[PDB]
Amino acid sequence: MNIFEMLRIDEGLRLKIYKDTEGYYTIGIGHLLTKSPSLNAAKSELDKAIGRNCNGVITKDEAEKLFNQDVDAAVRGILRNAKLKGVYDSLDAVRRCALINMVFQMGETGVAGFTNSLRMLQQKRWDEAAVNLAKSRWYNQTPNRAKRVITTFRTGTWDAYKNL
């Protein structure tokens, strides 16, 4: 398993504009288009992102290209952030995937806000960090996905996904 397969399981693949769990306009593999309520504003961002007139629809290829860019940007964002990079560097390969997953879903800023959990991960206090991470809006809003990520940090294995 790798970061790509993991995120593909968590986000799904949709070739037509759709609303995410938060009600925002998204397409592909979790690519947020706009937090704006206008489908019009969404179709516009979409065309800008792909470089063509899509009319709300894209191909598999286009979806995967966006996905490649988002994963790359997620990684680069961690490495550029002081708070984040330090945790990232301290972690093993699988756990690194769990942090990238969080950053992809919630943005750098969002994850950087989990101060206490980050400190615990850095300290390798797996159980404690798992309990702390579950005390969040994140966990209450998307509990099945959050549990999968949390298990990944807890165990350092891909068990939560080998099911799926």
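A chain's residues are numbered here from 1, following its sequence as written, a convention that may not match the entry; residues for which no coordinates exist are omitted. Side-chain calculation: all heavy atoms of the structure are included, whereas hydrogens and water are not.

Its PDB header names X-ray crystallography as the technique used to obtain the model and reports a resolution of 1.9 Å.

Let us now look at helix α4 (residues 82–90). The cut-offs for exposure are 20% and 50% of the maximum accessible area for each residue type, with area from a 1.4 Å probe on protein chains only; residues under the lower value are buried, those over the upper are exposed, and the others partly exposed. Secondary structure elements follow DSSP: runs of H or I no shorter than four residues count as helices, runs of E no shorter than two count as strands, and numbering proceeds from the N terminus. Of the positions making up α4, those classed as buried are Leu84, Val87 and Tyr88. Projected down its long axis, α4 carries its buried residues within an arc of 100°, all on one side. Contact definition: two residues touch when any of their heavy atoms are within 4.5 Å. Next to the buried residues of α4 lie α3 (60–80), α5 (93–112) and α6 (115–122). Note that the arc is defined by the directions from the helix axis to the C-beta atoms.

This brings us to the packing of aromatic side chains. When we look at a pair of aromatic rings, we describe it by the centre distance and by the angle of the planes. Any two of the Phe, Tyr and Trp rings considered here, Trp counted by its six-membered ring, make a pair once their centres fall within 6.5 Å; the pair's planes then place it as stacked at under 30 degrees, edge-to-face at over 60, or tilted in between. As enumerated under the stated definition, the model contains 4 aromatic pairs in all. Between the aromatic rings of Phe67 and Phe104, the centroid separation amounts to 6.1 Å while the plane-to-plane angle is 85°, which identifies the pairing as edge-to-face. Taken together, the residues span a long stretch of sequence, with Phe67 in helix α3 and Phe104 in helix α5 at a distance of 37 residues. Here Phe67 matches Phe104 in class, with each residue buried. Note on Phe114 and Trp138: the rings are 6.2 Å apart at their centroids and 85° apart in plane angle, and the pair reads as edge-to-face. Here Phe114 is found in the loop between α5 and α6, whereas its partner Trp138 is found in helix α8 (residues 137–141), with 24 residues between them in sequence. Each member of the pair, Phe114 as well as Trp138, is classed as buried. Through pairs of rings, three or more aromatic residues link up here, namely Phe4, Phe67 and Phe104. Charge-over-ring placement is defined geometrically: NZ (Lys) or CZ (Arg) within 6 Å of the ring centre, and within 35 degrees of the ring normal. Its end group placed over the ring of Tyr18, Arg14 keeps NZ or CZ at 4.1 Å from the ring centre. Here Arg95 stacks its cationic end above the ring of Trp126, 3.6 Å away from the centre of that ring.

We now examine the sheet that holds strand β2 (residues 25–28). Here a strand pair is declared whenever DSSP counts at least two bridges between the two strands. The strand order across the open sheet formed by 3 strands is β1-β2-β3, and the pairing between neighbours is antiparallel. The sheet is open, and its two edges are formed by β1 (14–19) and β3 (31–34), each paired on a single side. Here the average twist between neighbouring strands, direction ignored, is 25°. To obtain an axis, a line is fitted to C-alpha atoms, over the contacting stretch when the element is a helix, and the angle between two such axes runs from 0 to 180 degrees between their N-to-C directions.

A separate point is the UniProt feature "binding site: substrate" in the protein. Taking the UniProt record as the reference, the feature "binding site: substrate" is found at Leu32, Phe104, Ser117 and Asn132. Annotated residues spanning 101 residues; largest pairwise C-alpha distance 27.1 Å, indicating distribution over more than one region. Setting aside its immediate chain neighbours within four residues, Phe104 contacts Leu7, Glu11, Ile29, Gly30, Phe67, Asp70, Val71, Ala74 and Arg145. Inspection of the secondary structure puts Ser117 in helix α6. With residues up to four places along the chain from it excluded, the contact list for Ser117 reads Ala129, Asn132 and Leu133. UniProt positions are given in the numbering used here, feature names are shortened, and annotations may be inferred rather than shown by experiment.

A few words on the pairing of β1. Sheet analysis places β1 next to β2, joined by 3 bridges and oriented antiparallel. Within β2, the position partnered with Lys19 by the bridge is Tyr25. The turn joining β1 and β2, which pair antiparallel and follow one another in sequence, is formed by 5 residues; a positive phi near 90° is taken by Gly23.

Let's shift gears to helix α9 (residues 143–155). Between its first and last C-alpha, α9 extends 18 Å over 13 residues, near the 18 Å set by a 1.5 Å rise per residue. By the burial criterion, the buried members of α9 are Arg145, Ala146, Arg148, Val149, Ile150, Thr152 and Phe153. Residues of α9 that are buried in the fold lie against α1 (3–11), α5, α6, α7 (126–133) and α8. After α9 finishes, the residue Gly156 shows a positive phi value of roughly 75°. Helices are assigned an expected span. That span is 1.5 Å times one less than the residue count.

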